[PDB]
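Spelled out from the first residue to the last, the chains are:
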Amino acid sequence: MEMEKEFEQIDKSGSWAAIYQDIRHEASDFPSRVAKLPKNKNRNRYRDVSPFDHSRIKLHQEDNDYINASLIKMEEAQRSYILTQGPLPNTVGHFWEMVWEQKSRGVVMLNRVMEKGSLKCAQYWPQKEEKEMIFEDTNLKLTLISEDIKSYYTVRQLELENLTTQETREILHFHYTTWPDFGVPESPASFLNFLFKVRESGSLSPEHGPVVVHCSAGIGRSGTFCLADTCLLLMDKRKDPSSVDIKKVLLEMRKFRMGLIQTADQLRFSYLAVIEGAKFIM
Ligand SMILES: Nc1cc(-c2ccc(Cl)cc2)n[nH]1
């Protein structure tokens, strides 16, 4: 079926939970043996969210190459994404090692450091220009260059230096600051505006490594971001845009990381975002 009228049909019939459970039942199951090794317990935020072995990002390190991060490679759309958990106190150095080694231009953050009175990720970037951060375990330096605070999101320019080679690179940090503590946004308008700002920066383009996107576990809000982006790109590429099937795209992405889209409300919000976005594109 088309999207917008499939949407109204699920609303009127109140069957979002059943649609979402079908997706959960059909989703791929692949091994995640490296994630479960005892030496990696303090590298995982949640025991039930792990990267598959076949798609995990490997650190270029012979001691321990593990990080909780997955490469989502979308062949027809010609887009790739790295989805990862919010960094932990003992993985902030690994996080920036990955950014460096994978040649990423942008980092997309969809959570606040504290939500619901608890810490959802480490404070992994500097908050003042004159107070830079040094990660001694991976030999990197990170400096805040500029910060632009808007009503729904903040953009930061960061300098990452490899202290071993003295090479430097500019990284863009796109921080969506207004996702509510509970539920999903009432309108997708600010989330779509944010997606377009990431696109306009070059951070999603083939001349760079894959964008790094995270929330707390790296599957819920993060899944919503890449699902909406990929569906909109396919609607532009194809002769028949109404042939884009959001459920089929989601199952393809779940071949590369488990659990993408965590609730039936997030699924409904993803439909809403693609529907409204397809009108603005034209
Ligand atoms: N004067 C000045 C420096 C910069 C700059 C420096 C370093 C990065 Cl990574 C990005 C921008 N903009 N303007």
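### A look at the sheet that holds strand β4 (residues 106-109)
With mixed pairing, 9 strands are arranged side by side in an open sheet as β1-β2-β3-β11-β4-β10-β9-β8-β7. In this open sheet, the two strands that pair with only one neighbour each are β1 (56-58) and β7 (133-135). This sheet shows a mean twist of 30 degrees between the axes of neighbouring strands, independent of strand direction. Here strand β9 (residues 153-162) pairs with strand β10 (residues 167-176) via 10 bridges, running antiparallel. The residue bridging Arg 156 from the neighbouring strand is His 173, located in β10. Strands in contact with helix α4 (residues 189-200) are β3 (79-84), β4, β9 and β10; relative to β10, the strand with the most contacts, it is inclined by about 170 degrees. Most of the contacts of helix α5 (residues 221-237) go to β3, to which it runs at about 175 degrees, and overall it touches β2 (66-74), β3, β4 and β11 (211-214).

### Concerning the site of the ligand
In the vicinity of the ligand, the residues found are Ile 145, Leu 158, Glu 159 and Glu 170. Residue composition of the shell around the ligand, grouped by class: 2 nonpolar, no polar and 2 charged.

### What about helix α2 (residues 16-26)?
Within α2, the full set of buried residues consists of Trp 16, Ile 19, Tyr 20 and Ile 23. Along the long axis of α2, the arc covered by the buried residues comes to 95 degrees, so they all point the same way. What points out from α2, more than 90 degrees from its buried face, is the exposed set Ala 17 and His 25.

Cut-off values and rules
- Residues numbered from 1 in each chain as written, not as in the entry; some residues may be left out.
- Heavy atoms only, no water.
- Pairing = 2+ DSSP bridges.
- Helix = DSSP H or I, 4+ residues; strand = E, 2+ residues; numbered from the N terminus.
- Axes fitted to C-alpha atoms, helices over the stretch in contact; angles between N-to-C directions.
- Contact = heavy atoms within 4.5 Å.
- Near = heavy atom within 4 Å.
- Nonpolar A, V, L, I, M, F, W, Y, C, P; charged D, E, K, R; others polar.
- Buried < 20%, exposed > 50% of the residue type's maximum accessible area, 1.4 Å probe, protein only.
- Arc of directions from axis to C-beta.

Any functional reading would require information beyond the geometric quantities listed.
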